[PDB]
Amino acid sequence: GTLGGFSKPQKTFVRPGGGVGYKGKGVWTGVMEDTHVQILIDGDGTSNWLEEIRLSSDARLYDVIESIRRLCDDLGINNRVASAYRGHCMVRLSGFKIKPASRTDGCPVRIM
Ligand SMILES: C[n+]1cn([C@@H]2O[C@H](COP(=O)(O)OP(=O)(O)OP(=O)(O)O)[C@@H](O)[C@H]2O)c2nc(N)[nH]c(=O)c21
Ligand code: NA
């Protein structure tokens, strides 16, 4: 179902010992469940996390969240970090679960 890729790849980097990781700002974009999606990502060299989710529509919201969770498993990206981004949302996503926008955990789910 999911189709997309990195419109802004994170930085690929080499760790001591030769391992290849990803860090810094990135953007993944594509279509999940008939919805255009942008996922803004950051990472510090030890983990990678969601900063914001941007959707073209909420018509398939909970299905899109499940597709985002599955993609984040493949990309090694968590939803445990409290993003500083706020505004333009009714809900945030935290641990891949929907929370009211009043909360501070996780990241906004912004319908554009
Ligand atoms: C570019 N990139 C690649 N990956 C990881 O590597 C998988 C393949 O990611 P990919 O489809 O972008 O292919 P590739 O990394 O080989 O890029 P190419 O060589 O130019 O064709 C992804 O499913 C992730 O596990 C990445 N994972 C993260 N977190 N961030 C990135 O920017 C990233
Ligand atoms: Na970290």
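Computed from the coordinates by the stated procedures, all read-outs in this text should not be read as laboratory data. In this analysis, Cβ positions are derived from the backbone assuming ideal geometry, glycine residues included, and neighbour counts consider all displayed protein chains.
Give me the one-decimal nm value for the distance between modelled label points at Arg70 and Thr29, 7 Å along each residue's Cα-to-Cβ direction.
2.3 nm
How would the stretch 30-112 be classified by its alpha-carbon gyration tensor: rounded, prolate or oblate, with rounded meaning a/c under 1.5 and the a/b versus b/c comparison settling the rest? Display every interim value, and only then the final one.
Working: a/c = 1.73, a/b = 1.14, b/c = 1.52.
Judged from the Cα gyration tensor, the stretch 30-112 comes out oblate (a/c at least 1.5, b/c at or above a/b).
Can you give the helix-only mean residue ellipticity at 222 nm for the chain, where every DSSP H stretch with n ≥ 4 adds -39500 (n - 2.57) and the sum goes over all residues, rounded to the nearest 500 deg cm²/dmol?
-4500 deg cm²/dmol
For the residue pair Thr46 and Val14, what label-to-label distance in nm results when each label sits 7 Å from Cα along the Cα-to-beta-carbon direction?
2.4 nm
For helix 61-75, what angle does its Cα long axis make with the longest principal axis of the chain, in degrees from 0 to 90 and rounded to 10?
That works out to roughly 0 degrees.
Which one of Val109, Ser7, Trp49 is farthest out on the positive end of the charge dipole of the chain, using unit charges on Cβ (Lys, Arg +1; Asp, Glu -1) and the Cα centre as origin?
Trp49
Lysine pairs in the chain with Cα distance under 13 Å, only those 8 or more apart or on different chains: how many are there?
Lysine pairs meeting the criterion: 4.
If the only charges are +1 at each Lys and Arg Cβ and -1 at each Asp and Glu Cβ, what is the size of the charge dipole of the chain around the Cα centre, to the nearest 20 debye?
So the magnitude is around 340 debye.
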